[PDB]
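Reviewing the structure listed below.
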Amino acid sequence: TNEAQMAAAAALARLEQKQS
Amino acid sequence: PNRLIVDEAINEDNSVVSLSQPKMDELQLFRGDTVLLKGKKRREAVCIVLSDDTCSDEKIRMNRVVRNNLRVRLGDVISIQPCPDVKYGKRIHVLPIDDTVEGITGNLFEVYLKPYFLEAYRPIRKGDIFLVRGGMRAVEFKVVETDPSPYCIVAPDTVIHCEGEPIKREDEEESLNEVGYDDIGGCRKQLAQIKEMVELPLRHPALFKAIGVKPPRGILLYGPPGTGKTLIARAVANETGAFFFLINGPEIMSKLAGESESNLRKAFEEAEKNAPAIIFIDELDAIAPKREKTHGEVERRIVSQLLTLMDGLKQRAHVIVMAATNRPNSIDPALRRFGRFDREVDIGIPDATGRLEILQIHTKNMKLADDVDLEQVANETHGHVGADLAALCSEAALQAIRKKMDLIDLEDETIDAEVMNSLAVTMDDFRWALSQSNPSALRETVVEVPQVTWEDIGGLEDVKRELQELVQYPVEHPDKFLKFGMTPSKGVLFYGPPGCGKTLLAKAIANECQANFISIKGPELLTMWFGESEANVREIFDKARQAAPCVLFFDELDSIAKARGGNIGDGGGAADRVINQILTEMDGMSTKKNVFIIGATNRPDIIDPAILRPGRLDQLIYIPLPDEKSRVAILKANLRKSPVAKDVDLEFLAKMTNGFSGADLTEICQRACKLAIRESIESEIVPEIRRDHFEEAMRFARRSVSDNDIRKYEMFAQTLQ
Amino acid sequence: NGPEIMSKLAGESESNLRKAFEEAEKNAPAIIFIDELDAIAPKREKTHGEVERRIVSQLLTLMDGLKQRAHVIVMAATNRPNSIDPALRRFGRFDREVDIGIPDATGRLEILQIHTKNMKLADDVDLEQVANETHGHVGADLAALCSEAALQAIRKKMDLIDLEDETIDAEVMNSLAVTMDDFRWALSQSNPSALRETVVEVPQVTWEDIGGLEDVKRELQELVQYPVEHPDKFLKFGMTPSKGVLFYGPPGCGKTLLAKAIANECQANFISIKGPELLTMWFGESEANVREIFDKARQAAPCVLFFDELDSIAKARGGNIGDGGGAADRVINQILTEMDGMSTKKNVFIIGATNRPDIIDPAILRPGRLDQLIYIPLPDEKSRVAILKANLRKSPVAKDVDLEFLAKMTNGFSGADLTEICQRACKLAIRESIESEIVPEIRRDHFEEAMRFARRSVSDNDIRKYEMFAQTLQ
Ligand SMILES: Nc1ncnc2c1ncn2[C@@H]1O[C@H](COP(=O)(O)OP(=O)(O)O)[C@@H](O)[C@H]1O
Ligand SMILES: Nc1ncnc2c1ncn2[C@@H]1O[C@H](COP(=O)(O)OP(=O)(O)O)[C@@H](O)[C@H]1O
Ligand SMILES: Nc1ncnc2c1ncn2[C@@H]1O[C@H](COP(=O)(O)OP(=O)(O)O)[C@@H](O)[C@H]1O
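Residue numbers (PDB author numbering), protein chains in the order written: chain J, 49 to 68; chain D, 23 to 707, 728 to 763; chain E, 270 to 707, 728 to 763.
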């Protein structure tokens, strides 16, 4: 649902900050 | 169904679990969807699933926080299912653990929970444990009460509460600040090797006692002090759950006769009662040194007592004894015989990548300023081990603390969390700490995969290909060598003028092959010759075996022949003490150890011909002075990192420097850089290296290899036909 | 065992050792096995403690008590016969010795077969190939090798079936096959405990592997076999059998193979002493180690003790010009001494080889030493063909390869030089084969290209040097 999609954007952004 | 093996995670984020794309389609979930994980004792955790290019298809990668919430350990199997109906919450009540908040006071929400939860959209379940780092402390929290149940996602408008006494830790719940695998930086290859040896008999004891195959009983870890020998032993016990019993030399040797032997025996009895168990014996050389080095009754008895206790491990099922020493040959050789301590792992010294990982680990709780560059530090910390990098981070932290504490002047029994949380450690504090730190492994042998790649070597296109045939093919295509009855070469000798890239060639092939590079330089061969200590060659070749796969490079192979007079020489022949030991070790080395020997000489006419016979350095490659197209490539490689102005014509320089070696072109590059630096410094009392700087450099740079020496190499190459 | 006795206190170690002998007598016939004997009764010169001195004396008296303790035999294990109190080895006590040594390629295969009896092996597993690769291993290492290969196979299946219970399913293990990849992995992890030990074994080189030299093959049989196959004729005619022969001639002509092939046909242990070992003793002033080499030859008898590069020291001393001294040196003098003290009744035959006979200490050529000298010339045309066929015996050579024409071209080549051609052509075939996957045989083109680089290593100036020496000897 939409709360999972908002968590998806936040989790993906933190992953990119750690990988970069 | 949907049962996957629990693996280690790369992403430290407590709300993120990694699954390989094919499992996202089997589970019919989208990237970033929220899933539940089913653990043990009717427990579960909620997390967000992301994809990467490293997770194994059949594994789920989760960190320590998630595994503890599920009460599972690495190697177990858990179930994963989507839960697309997860909703947001309005109220979450979080309290700290009593065993982690001590000596520190302040507004826990503003410091820890607010940046953790705010706009993070984390899934939370009732009873979850999670860790928030900051202010140079690692503070773990438990979630006790929420409005929705059993789980929800925190929204930007969710209110976080924290009232009540700290929570007493449960006896079956391990602290997140205990030593685990994520506390170990470099030496990942050794940790993986050890895990394979120990995790199987410790996690699945029913396997070994039910089959005719016996487990490893004793593992000896060796390397310089401060490299993580104890850190690994603790991480293994804490991750598998085996009972950990600590032994150390000083504790046993400080006891009187009749007490030291008794206490050592008790340690083995306690491990058996608590089996599966690991007995870690640190400073083993202090308990059971080589017999030839001791004559006391107490030292002789404790050697015999340890040997009998190690042999008793045939009955003490599921007990593994690990030991730490500085050198595998400092202890009674009996310990290393079949059984007892018959497995060995060389921990070594972290390389530039491992040192960066260690610095990142020991700064997890530290707030770093934007100017801090830990990769730059890792490159400067040559000769340091993990213990020194930990001290380096501590000293940098204390320098930052002093600067602020002397200004705020707040003296009390506890520290304000906000004061530490807003304290940033700058690059100046790390640079200061680097000046104060003193590496403990400065004179130790450096064994690492070289950072030199083929792009760093100009010209020599045919030599690059030849090395790939000599080094990679024998192990990438072994069935063709067997098919045709070919005996792979054990090594190659490079000869030619100095400064033409002979060293880079050996490093670059070691890099592409991801093999450890061991550099032996002229002064080391001369030291062994002059000091009549050629026996040390055996330790060099044995280190190559220990570090395999590796490339063992002997530079300045003629250094001794020249020290003996070179062009005229002395009363003897070509053979000498050190080269003879090198010949002996090569003859006893098999190609199955994946150790490739490379030599280099600037005077092939005085190399003991024995080294060129079949079975030794039978291949010979000539490295000439670079031609015009190569000299341009060399200039570009040497200037790859320099701010060269667009007006610099590197092709014109290559045309002028007709007789120059690669090293001579480097002098031009560095001399021009020096001139640019001088002008830049003067302008403050410039943004790029200008044509004028290279033109002035050409006024001093000269070829180091004369035509008389070029013919010497050509005549040798002609002799080889 | 040493650790069990030495871990005890003064008054307990001696008592427990005495009890062991009393128990064996009560249960006679009995065998007392003392492992790590060097830990109980080391050479006296190496210890001064009262406990170590007493336990040496106590063991000596208990061994002497075996005159009354009927039917009790005491066996002991040590690493070296000279690491223990020499008194133990005097008449009586421990007056019999057996040298166990290190298993050879055949023995290693047998050990691998023994420690896999319970293992299910896949069709791709080749234990003979493993036995040939496990150089320097002892039985303890091959046992660990099989264990590691088993565990790698087990992990691969156990992580997939996920069956966790108190007992193991017999069907699961019974259907688990250990593949060659698991043995190869285990070989990479295994680390031999005897890597630097002296290798003493019957060589796999046979006469079929040596091209040419038909007359030398016959001569060596007369020198090595006749003194033991027909000893009654040597006594009848008052003949003193030769104790050894020196090979001389150009390098790479088969001098080493000749020594191995005769050792093989005679089923005798071959002991190889290479140039670097003679130089190591000279450089380090440790020529005393020659006594242990000749003593090993006695222990391993019947055997052939081969001293390669006998001139290695003479060359290290300047060779063509030399230094201020004469032909004699530290290492050769110890070799001369040991040969003089060696009897032909031990069935130990000494063979030397040199590439520079003009600088060999003439003492080694006197009666009683290496009095026989055999010249090994460069191979002639018919021999070079035989050499090519021998070197290519295991290679997939195409039918279009004309080895007789190749032998005609390589007129001045040594046997080692013909091998370089064979291996260089193989390398070219391998390179092409690997490229075809990114070929089934070695084609004429590969040998023709090899001839572009292969050269004779022995010049005419060096051939005459050997001819002049051979002419002097008639
Ligand atoms: N590879 C490593 N990764 C992370 N920390 C390390 C590593 N090696 C050493 N350290 C750190 O250095 C110290 C090593 O001390 P310890 O494990 O007790 O070693 P020793 O056995 O020499 O006493 C610890 O603080 C540990 O965290
Ligand atoms: N082919 C080349 N490409 C790039 N740089 C080179 C080349 N040859 C020499 N150099 C420069 O010369 C320096 C010395 O090279 P090196 O191989 O270490 O010399 P040697 O092998 O004689 O010790 C290197 O630092 C490198 O920058
Ligand atoms: N007569 C021969 N028959 C077959 N191969 C030979 C012969 N002579 C030399 N070779 C080849 O040359 C190589 C070196 O021979 P070897 O006897 O070891 O030389 P050396 O005795 O000078 O050390 C051997 O591997 C062998 O393949």
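Backbone N, C-alpha and C define an ideal beta-carbon position, used for all residues, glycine too.
For residue i and chain D, any beta-carbon pair shorter than 8 Å?
{"i": "residue 499 of chain E", "result": "no"}
{"i": "residue 78 of chain J", "result": "Residue 78 of chain J cannot be examined here, being either before or after the span of chain J that is shown, 49 to 68."}
{"i": "residue 302 of chain E", "result": "no"}
What do you reckon, is the C-beta of residue i under 7 Å from a heavy atom of ligand 5?
{"i": "residue 482 of chain E", "result": "Questions concerning ligand 5 fall outside what the structure shown contains, since the ligands it does hold are ligand 1, ligand 2 and ligand 3."}
Quick check: is any heavy atom of ligand 2 less than 7 Å from the C-beta of residue i?
{"i": "residue 688 of chain D", "result": "yes"}
{"i": "residue 602 of chain D", "result": "no"}
{"i": "residue 544 of chain D", "result": "no"}
Taking the straight line between their C-alpha atoms, what separation do you get for residue i and residue j?
{"i": "residue 703 of chain E", "j": "residue 343 of chain D", "result": "46 Å"}
{"i": "residue 645 of chain E", "j": "residue 700 of chain E", "result": "35 Å"}
{"i": "residue 570 of chain D", "j": "residue 512 of chain D", "result": "14 Å"}
{"i": "residue 668 of chain D", "j": "residue 732 of chain D", "result": "8 Å"}
{"i": "residue 529 of chain D", "j": "residue 599 of chain D", "result": "27 Å"}
{"i": "residue 353 of chain D", "j": "residue 320 of chain D", "result": "15 Å"}
{"i": "residue 687 of chain D", "j": "residue 654 of chain D", "result": "10 Å"}
{"i": "residue 165 of chain D", "j": "residue 385 of chain D", "result": "26 Å"}
{"i": "residue 55 of chain D", "j": "residue 148 of chain D", "result": "20 Å"}
{"i": "residue 460 of chain E", "j": "residue 131 of chain D", "result": "56 Å"}
{"i": "residue 224 of chain D", "j": "residue 443 of chain E", "result": "23 Å"}
{"i": "residue 332 of chain E", "j": "residue 291 of chain E", "result": "12 Å"}
Starting from residue i, follow its DSSP beta bridges and name the residues at the other end.
{"i": "residue 127 of chain D", "result": "D:438"}
{"i": "residue 226 of chain D", "result": "Note: residue 226 of chain D sits in no beta bridge, so no partner."}
{"i": "residue 575 of chain D", "result": "D:541 and D:620"}
{"i": "residue 183 of chain D", "result": "D:115"}
{"i": "residue 164 of chain D", "result": "D:117 and D:151"}
{"i": "residue 81 of chain D", "result": "D:27"}
{"i": "residue 470 of chain D", "result": "D:539"}
{"i": "residue 270 of chain D", "result": "D:304"}
Since residue i and residue j are thought to touch, with beta carbons under 8 Å apart, how far apart are those beta carbons, to the nearest angstrom?
{"i": "residue 650 of chain D", "j": "residue 676 of chain D", "result": "5 Å"}
{"i": "residue 551 of chain D", "j": "residue 590 of chain D", "result": "Residue 551 of chain D to residue 590 of chain D, Cβ: 18 Å. No contact."}
{"i": "residue 449 of chain E", "j": "residue 419 of chain E", "result": "At roughly 13 Å, the Cβ-Cβ gap does not stay under 8 Å, so residue 449 of chain E and residue 419 of chain E are not in contact."}
{"i": "residue 300 of chain D", "j": "residue 289 of chain D", "result": "About 11 Å separates the two Cβ atoms, so there is no contact after all."}
{"i": "residue 539 of chain D", "j": "residue 471 of chain D", "result": "7 Å"}
{"i": "residue 26 of chain D", "j": "residue 119 of chain D", "result": "That belief does not hold up - the Cβ atoms of residue 26 of chain D and residue 119 of chain D are roughly 30 Å apart, past 8 Å."}
Is any heavy atom in ligand 1 found nearer than 7 Å to the beta carbon of residue i?
{"i": "residue 251 of chain D", "result": "yes"}
{"i": "residue 154 of chain D", "result": "no"}
{"i": "residue 407 of chain D", "result": "yes"}
{"i": "residue 412 of chain D", "result": "yes"}
{"i": "residue 724 of chain D", "result": "Missing here is residue 724 of chain D; chain D as given proceeds from 707 to 728 without the residues in between."}
{"i": "residue 247 of chain D", "result": "yes"}
Is there at least one Cβ from chain J nearer than 8 Å to residue i's Cβ?
{"i": "residue 54 of chain D", "result": "yes"}
{"i": "residue 198 of chain D", "result": "no"}
{"i": "residue 729 of chain D", "result": "no"}
{"i": "residue 706 of chain D", "result": "no"}
{"i": "residue 78 of chain D", "result": "no"}
{"i": "residue 107 of chain D", "result": "yes"}
{"i": "residue 37 of chain D", "result": "yes"}
Counting only beta-carbon separations shorter than 8 Å, does residue i have a partner in chain E?
{"i": "residue 375 of chain D", "result": "no"}
{"i": "residue 297 of chain D", "result": "no"}
{"i": "residue 735 of chain D", "result": "no"}
{"i": "residue 347 of chain D", "result": "no"}
Is the beta carbon of residue i within less than 7 Å of some heavy atom of ligand 3?
{"i": "residue 431 of chain E", "result": "no"}
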